[PDB]
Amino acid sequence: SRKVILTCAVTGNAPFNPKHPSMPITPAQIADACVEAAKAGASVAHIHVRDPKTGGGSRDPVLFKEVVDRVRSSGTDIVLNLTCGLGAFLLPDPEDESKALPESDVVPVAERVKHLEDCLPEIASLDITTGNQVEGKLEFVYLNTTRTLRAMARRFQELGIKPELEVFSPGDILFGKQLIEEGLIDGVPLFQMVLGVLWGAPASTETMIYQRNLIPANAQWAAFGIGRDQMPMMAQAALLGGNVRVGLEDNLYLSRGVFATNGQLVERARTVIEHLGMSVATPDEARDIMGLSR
């Protein structure tokens, strides 16, 4: 019985759908969601913050600090994974694509890592890719130069934070391996396949097997899907020796037309994993697997 690491991505930064009656928006709600996920058996909480007003995207370090302070004082333990995918948002000017439209948010390393400096989570997410992306109807470019990624990786090492290397393609996996080569990735490397995001690798078993075989043998890997692909990709990862992820960041629905809580999503995934003869890693078990000190 392998112990499967389960991460709950509690809110994300995709647009708030106010028909969802319990979407975590405020830092208190987001912390509450981490605790709820923990109590349902989650190993790790993946955390974004939202504009506490509008439910819109935010990268305010003050908000991150409040979330971490709340979870840490909750009386419930869970490994914290803070998003660091922020500040890579490029909108080329159609009149001259050499130029970034003002709504772009492409910011330097020092600013990108400010929240990490303040909060010191065990893990932070790093999207090790540049590419054409889509969020809903919104088309943009994710701009993470290998130069910037190298600098980020180095900062994480310095801060004692383990990156979760988020990959959208085999090419991305190769670059992750290059980071490792270059001495920029400490201990047990962590890779996660983002599946079914446009214009990245699709959510299929074939994709998962192919990409898995490119990942270093000494690394831990995970894979996840979005919406209706969330549960299938979770089971498929478990079956292939990977770790897993669920949460409202990736899927709002328990079933067709029925909104989920984070806890419910965790409970469902846990049930599947157990029924398949495995179990879900406690936070401390996950730390041990990942070589994180207790």
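Throughout, we count residues from 1 along the sequence that is shown.
- Per-stretch averaging of Cα B factors for 191 to 199 and 132 to 140 places 132 to 140 on top.
- Comparing 263 to 271 with 49 to 57, the higher mean C-alpha B-factor in the PDB entry belongs to 49 to 57.
- You'll see in the entry that, of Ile123, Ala223, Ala100, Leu214, the Cα B factor peaks at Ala100.
- Taking the PDB entry at face value, the top CA B factor among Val71, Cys119, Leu174, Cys84 belongs to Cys84.
- For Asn17, the recorded CA temperature factor ranks within the highest third of the chain's modelled residues.
- The PDB entry assigns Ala37 a C-alpha temperature factor belonging to the lowest third of its chain's modelled residues.
- Among the modelled residues of its chain, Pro108 has a C-alpha B-factor that falls in the highest third, as given in the PDB entry.
- Sort the chain's modelled residues by C-alpha temperature factor and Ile289 lands in the middle third, per the entry.
- When the modelled residues of the chain are ordered by C-alpha B-factor, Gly242 sits in the lowest third.
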